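# What the coordinates show
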Number of protein chains: 2
Amino acid sequence: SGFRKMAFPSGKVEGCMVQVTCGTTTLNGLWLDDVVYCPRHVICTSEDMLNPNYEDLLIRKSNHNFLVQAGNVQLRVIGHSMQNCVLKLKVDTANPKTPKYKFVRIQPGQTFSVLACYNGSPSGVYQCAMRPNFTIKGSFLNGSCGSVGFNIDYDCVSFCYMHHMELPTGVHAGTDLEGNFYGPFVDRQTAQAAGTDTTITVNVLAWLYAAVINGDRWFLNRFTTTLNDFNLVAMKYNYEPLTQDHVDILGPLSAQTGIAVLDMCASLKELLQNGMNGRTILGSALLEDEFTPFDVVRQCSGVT
Amino acid sequence: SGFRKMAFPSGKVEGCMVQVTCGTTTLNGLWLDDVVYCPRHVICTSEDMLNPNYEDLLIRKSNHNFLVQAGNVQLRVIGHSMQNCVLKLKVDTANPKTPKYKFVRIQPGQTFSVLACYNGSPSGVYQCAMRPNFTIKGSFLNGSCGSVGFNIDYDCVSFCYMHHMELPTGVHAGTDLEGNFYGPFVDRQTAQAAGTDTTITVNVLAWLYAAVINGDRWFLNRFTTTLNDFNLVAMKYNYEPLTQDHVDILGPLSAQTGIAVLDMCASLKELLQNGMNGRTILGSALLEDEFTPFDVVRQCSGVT
Ligand SMILES: CC(C)(C)NC(=O)[C@@H](Nc1ccc(CCC#N)cc1)c1cccnc1
Ligand SMILES: CC(C)(C)NC(=O)[C@@H](Nc1ccc(CCC#N)cc1)c1cccnc1
């Protein structure tokens, strides 16, 4: 028992982290097979970031201008190309530590682990969720760009995020591994405000199920609700609408606990309307939304 | 910017995890050089756990009864010994992935990462603190025993915890890597109640400094206090007494923010007396105490 914000073991991803330097800019790269992926803004100076023309800036760069270092050994760059907002640097050596991997583009509400890196070196690992406004609330300093987000299915690493930017509000934006930003964000130092950071309702419900499995049951009430009634309350509280797809996804947790999904919705509705009254659920004084139903099942069953 | 509950990158520890089976009991072992460390209760049946005589139970076990498997390959056991509550199984092969390491016994209030494992396989990594009552609030299921807690200083892994038990209250107990339990706990299925789980005051103050560094400043007030006055309030709220040693440890954060330690104590005193009033600090609705002053400095400076 016990329920923690758990990240995936990061070893398979640590084996892929490299340092990429272009001119005076140093950030992280991801080395998979003979390709190093990194944010294209490695080619920018701080001044270029205000209004960069990436195609134009890239013309002035050759293979030898991209310095790639894996540990304390230099990799030879034999090709470079821009794909959306990432650069792909072809190196002459396949990464011997390349795990089985996929590039996936996640949906808002999905969680993943981030291996925060500086100078190609891992500093820490933490669990994130793609917010409904397509930002992530990470822990990234200058030099962390190119750090990646991922999930692991047994031996397969699915890379879903590469860190590119910090918005003026301190929230983070980045791309999938095809270089496409999540949401409307662009790799330019300009006014980019994030939309409403709504709460991921299906994740809160999953976490309430994790709470019941682990003994925290005080919030269970005598009520039920309907999807439409619950959604009127969800809208009032800036929660994402709950769909029948979310109810179906919560099916296994409902079966394991014997608590019907709509009954858990009624418990969540009362928590929204009444607050916690100074009580906690799984050591939290707020409703946690960065555990998906799959995360709760995985953690509660001991999947390796 | 941004502040997350971050664990150390787990790769160096993943390379040490093995599965240990003795009879019908399977748990995890830590393979460092030619020794595999694991909880001595691997020799017990579920019935033995009610009242085990470990020296007596161990007489019936030979080297060939300890089955050690690293990945899908069997290790040869050439010796075994009991040191306090751990067994040390000498194997004929040094772990080729042994990192630079130390065995450290931590103090209450210190934090560490746990690599939760099942069947010698890593399932996830999370950040813990040794509670003042010598329990940890982990996420461990049956089969997780032998999972370890650790800190990393550049390339040196300091192992501080090995998981042994879940108390009837769902909190966790274990040993250092010399097999000595933290606190008064014993490896027996008996009545073991934990003492008061007080709040680690110096960690809360460190986290309030992390909050100020990252822009959450609403809780800063116009007051100051003294150590004695603050400690009268700390006692009332089941917070650990703050000592001059803790003030000295918070010195660097005080210098960086320009907020004197006793002024931050006065802010904490008002938060204790008035509550959060529905507001949050670093996305939390409670005062977080599982970040040490060193963790805040490390995370806020990007140490790899
Ligand atoms: C655009 C600003 C806000 C300045 N930085 C970032 O948005 C990110 N850092 C960054 C570093 C260098 C370059 C190239 C320009 C040069 N040299 C581009 C970006 C960042 C910072 C903090 C946390 N996360 C991400
Ligand atoms: C003593 C009890 C409460 C039953 N288990 C534990 O305290 C721990 N499991 C455990 C497994 C096997 C053995 C040997 C007996 C056999 N076979 C000893 C201990 C545990 C469980 C859940 C989470 N953390 C740790």
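Residues numbered from 1 in each chain as written, not as in the entry; some residues may be left out. Chains lettered and ligands numbered in written order. Heavy atoms only, no water.

This entry lists X-ray crystallography as its structure determination method and reports a resolution of 1.423 Å.

For the rest of this paragraph, the subject is the interface of chain B and chain A. Counting residues at the interface gives 42 residues for chain B and 42 residues for chain A. Across the chain B to chain A interface the summed buried area is about 3000 Å²; carbon plus sulfur atoms make up 53%. On the chain B side of the interface with chain A, the three residues burying the most area are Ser 1, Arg 4 and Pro 9 of chain B, jointly 23% of the side's total. There are two salt bridges connecting chain B and chain A. Here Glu 290 of chain A ties to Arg 4 of chain B by a salt bridge, and the two come within 2.8 Å at their closest N and O atoms. Viewed at the interface, chain A and chain B are joined by 23 residue pairs in polar contact. Sorting the residues of the side of chain B that touches chain A by element identifies α1 (11-14), β9 (111-118), β10 (121-129) and α8 (293-301) of chain B as the ones contributing at least two each. Per-element accounting of the side of chain B that touches chain A gives the leading share, eight residues, to β10 of chain B. Each residue belonging to the side of chain B that touches chain A can be placed in one class, and the counts come to 17 nonpolar, 19 polar and six charged. (Contact = heavy atoms within 4.5 Å. Buried area = accessible area lost by both parts, 1.4 Å probe. Salt bridge = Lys/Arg side-chain N within 4 Å of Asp/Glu carboxyl O. Polar contact = N/O pair within 3.5 Å; in protein donor to acceptor, adjacent residues only side chain to side chain. Helix = DSSP H or I, 4+ residues; strand = E, 2+ residues; numbered from the N terminus. Nonpolar A, V, L, I, M, F, W, Y, C, P; charged D, E, K, R; others polar.)

Under the counting rule described, the total for this entry stands at 22 salt bridges over all chains. We note a salt bridge from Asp 176 of chain A to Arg 105 of chain A, for which the minimum N-O separation is 2.8 Å. Taken together, the residues span a long stretch of sequence, with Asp 176 of chain A in the loop between β13 (172-175) and α3 (201-213) and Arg 105 of chain A in the loop between β8 (100-103) and β9 (111-118) at a distance of 71 residues. Each member of the salt-bridge network shares a partner with another, and the members are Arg 4 of chain A together with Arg 131, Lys 137, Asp 197, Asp 289 and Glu 290 of chain B.

All names here are of chain A. Tracing the backbone through its elements, the reader meets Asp 295 in helix α8 (residues 293-301). Separated by 48 residues in sequence, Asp 295 and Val 247 have C-alpha atoms that sit 16 Å apart. A polar side-chain atom of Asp 295 sits 2.9 Å from a polar atom in the side chain of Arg 298.

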